[PDB]
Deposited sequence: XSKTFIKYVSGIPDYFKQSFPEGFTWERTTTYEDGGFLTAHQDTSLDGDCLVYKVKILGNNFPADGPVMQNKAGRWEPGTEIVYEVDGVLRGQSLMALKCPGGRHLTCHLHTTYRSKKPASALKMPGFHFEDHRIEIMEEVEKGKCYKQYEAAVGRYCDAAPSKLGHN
């Protein structure tokens, strides 16, 4: 849900710039224990309402793993690298499930974000970071409440000695 990002340091906002046409994204997440989760998503704006349509194919989750045992715990926060490739945006990130007990199961996200504007119409962001925190606020197998906060930034914490972002 990439419309909701606080960008700092003047980084252009590929997603907000995409309206009113909208954008799509596509991703495969590779889990360290063999699972794969692939998704395609369409984001549109219907009046005042953002509308998401998502298609999902997940496979190869081990029967004995945290995912299929529905003992996955909670996600840690994470940081995505986001950069232009050909004329769209690529993202990659590592995420980690903190299983009940305190141990972690990691995965790797591979994403392409596609504006429905021509990139001639867009101000493309340079390489940057998108921090996220996703929290399952309530397990109300059937009804969940989920929160996310996201920030798009450069590496402020370790500054350049050479003028670089």
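J.: Going by C-alpha coordinates, which parts of the deposited sequence are missing from this model?
T.: Seq positions lacking coordinates: 1, 142-143.
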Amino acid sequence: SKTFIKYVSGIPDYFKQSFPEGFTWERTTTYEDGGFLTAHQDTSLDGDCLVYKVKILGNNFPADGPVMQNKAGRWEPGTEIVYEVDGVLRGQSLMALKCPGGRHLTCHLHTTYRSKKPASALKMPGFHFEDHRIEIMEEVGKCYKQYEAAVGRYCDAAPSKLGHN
From here on, numbers count along this sequence of modelled residues.
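J.: State which stretch shows the higher mean Cα B factor in the entry: 147-155 or 14-22.
T.: For C-alpha atoms only, the mean B-factor is higher in 14-22.
J.: Quick one: say whether 37-45 or 24-32 has the higher mean Cα B-factor in the deposited entry.
T.: That would be 37-45.
J.: Which has the highest CA B-factor per the PDB entry: 58, 126, 118, 62?
T.: Highest CA B-factor of the listed options: 118.
J.: Just the C-alpha B-factor column, please: which of 140, 54, 105, 68 has the biggest number?
T.: Within the set 140, 54, 105, 68, 140 shows the top C-alpha B-factor.
J.: Rank-wise, by C-alpha B-factor, drop residue 122 into the lowest, middle or highest third of its chain.
T.: Highest third of the chain for residue 122's C-alpha B-factor.
J.: Looking at the entry's B-factor column for C-alpha atoms only, identify whether residue 80 ranks in the lowest, middle or highest third of its chain.
T.: For residue 80, whose C-alpha B-factor we compare with every modelled residue in the chain, the answer is the lowest third.
J.: Comparing residue 72 with the other modelled residues of its chain, is its CA B-factor in the lowest, middle or highest third?
T.: Highest third - that is where residue 72 ends up once the chain's C-alpha B-factors are sorted.
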